[PDB]
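So the sequence shown is residues 0 to 351, counted in the entry's author numbering. Virtual Cβ for every residue (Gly too), placed ideally from N, Cα, C. Heads up, the thing below is written out as structure tokens.
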Amino acid sequence: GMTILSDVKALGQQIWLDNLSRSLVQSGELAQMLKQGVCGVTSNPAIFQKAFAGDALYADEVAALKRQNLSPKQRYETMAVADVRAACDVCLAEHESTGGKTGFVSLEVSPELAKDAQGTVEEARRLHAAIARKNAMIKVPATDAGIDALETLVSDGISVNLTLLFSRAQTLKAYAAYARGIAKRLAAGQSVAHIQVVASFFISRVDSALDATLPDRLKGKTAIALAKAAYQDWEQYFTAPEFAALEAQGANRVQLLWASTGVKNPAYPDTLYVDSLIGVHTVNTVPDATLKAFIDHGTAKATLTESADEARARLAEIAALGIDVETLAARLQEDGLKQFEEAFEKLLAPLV
């Protein structure tokens, strides 16, 4: 039942909605979610493509914007920034109530910037200013250029959702970049206590890539095993003396955020990923059908740290089979970028 969201909060995990649209906010639905236990919102270009195509409240806004001398991208950004502003306003009471730890809304930069660190910084600073809300996160793909940009943006005091992570190694590189940016601010006497970063580590796409060729004892296990190992890495990195010296001065840890947590394979229970990944100081962003499945028949238990030995043993067998999860991660990141660019070009066409 609905109280499960609060039960998961008591276990230390925030549940965010992996959807955004003009009607979600305007209808009052988001506000009612923010009072039932939902704690934030994520978007991406595919989410906006679907929203723009299906939500009747965009029609008048597009007609208005087509009367102005604007590029398709600016028309999109005006629409998306307006949705994000409005959602931030709905989430602001939640955000302020925790000292700025919850109640975030994320907006992703253009996919074409993913390998351009300077361009990413420029667009992220611009979108941060355009939204003009303390609870907005700018969402940046975790390419090498994105990790470069993360350090700069953190040093600028901007909260970031670093996305398209599939790799434990790349996630550790992101933590190090974050820490460098925090250290910069502390050295300059600048605030750090409101800077929040999440590392959006993708789940279902790993199983989708591998399961058809895995042996039976591993089908549907790899993504969860990776996530459990990533969380062990997180505990080690953020408790170490190096980070503790920053946390003592007000720095926040990065948090892992489980993304792509809708189940794609009908052979697995629809709550598999949510049920399996609950642990303290994490986030899980879910699509609306998964949110409703979890409310209906999910389970709130601290599963993320259970049986880490088995997770390791499974990852050892994945390697034994010749699957290099680092090569896989790079391929999944590049393919996610291609898919997001396709979605973005698809949403821009009707805005010409």
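Measure the C-alpha to C-alpha separation of residue i and residue j and round it to an integer number of angstroms.
i, j, result
"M1", "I14", "12 Å"
"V7", "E316", "31 Å"
"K218", "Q248", "44 Å"
"residue 358", "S199", "Past the boundaries of the shown model lies residue 358; the chain is included only from 0 to 351, so the question cannot be answered."
"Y272", "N283", "9 Å"
"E344", "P44", "9 Å"
"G145", "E341", "20 Å"
"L152", "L126", "12 Å"
"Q332", "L164", "7 Å"
"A175", "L64", "42 Å"
"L161", "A55", "31 Å"
"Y177", "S158", "11 Å"
"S190", "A239", "22 Å"
"residue 424", "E325", "Here the chain covers residues 0 to 351 and nothing more, so residue 424 does not appear."
"residue 355", "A250", "Since the first residue shown for the chain is 0 and the last is 351, residue 355 is missing from the structure and cannot be characterised."
"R66", "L347", "16 Å"
"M32", "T212", "40 Å"
"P265", "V139", "31 Å"
"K72", "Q25", "23 Å"
"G11", "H280", "5 Å"
"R124", "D215", "47 Å"
"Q338", "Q48", "12 Å"
"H296", "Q254", "26 Å"
"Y75", "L245", "39 Å"
"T270", "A9", "19 Å"
"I322", "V108", "31 Å"
"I294", "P268", "14 Å"
"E95", "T101", "8 Å"
"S306", "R252", "24 Å"
Just tell me which of the options has its CA closest to the CA of residue i.
i, options, result
"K34", "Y174, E309, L4", "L4"
"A79", "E93, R124, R21", "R21"
"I202", "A211, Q189, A222, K183", "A222"
"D206", "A81, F339, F51, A328", "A328"
"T170", "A228, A113, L209", "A228"
"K183", "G36, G156, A50", "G156"
"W257", "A226, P110, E122", "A226"
"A81", "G102, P110, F51", "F51"
"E28", "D287, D59, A319", "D287"
"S42", "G36, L23, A30", "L23"
"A186", "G335, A224, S154, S306", "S154"
"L336", "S96, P110, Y267, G188", "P110"
"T119", "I137, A129, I130, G102", "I137"
Report the CB separation of residue i from residue j in whole angstroms; it is logged as a contact under 8 Å.
i, j, result
"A301", "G278", "6 Å"
"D232", "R167", "6 Å"
"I46", "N68", "That pair is no contact at about 28 Å."
"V40", "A86", "5 Å"
"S259", "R204", "5 Å"
"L290", "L106", "Not quite, the Cβ-Cβ distance comes to about 20 Å (not below 8 Å), so this is no contact."
"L314", "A224", "5 Å"
Residue j and residue i - do their beta-carbons sit closer together than 8 Å?
i, j, result
"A135", "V104", "yes"
"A113", "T142", "yes"
"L350", "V83", "no"
"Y230", "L303", "yes"
"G98", "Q195", "no"
Report task. Could I get the ranges of all uninterrupted alpha helix (DSSP H) runs contained in the region 272 to 348, with 4 residues as the minimum, in chain order? Result -> 287 to 296, 307 to 319, 324 to 347
(request) Scan the region 94 to 138 and note each continuous beta strand (DSSP E) run of 3 residues or more that stays entirely inside, going in chain order. (result) Correct list: 103 to 107.
Quiz item: Considering only residues of the region 144 to 199, which uninterrupted beta strand (DSSP E) runs meet the minimum length of 3 residues and lie entirely inside it, listed in chain order?
Solution: 159 to 164
Unbroken stretches of the beta strand (DSSP E), 3 residues or longer, contained in the region 6 to 33:
12 to 16
Query raised in the report: In chain order, which continuous runs of the alpha helix (DSSP H) of length 4 or greater are located wholly inside the region 203 to 250?
Result: 203 to 209, 221 to 238, 240 to 246
- Task: Counting only runs of 4+ residues fully inside the region 40 to 88, write out the alpha helix (DSSP H) ranges in chain order.
- Result: 44 to 53, 57 to 64
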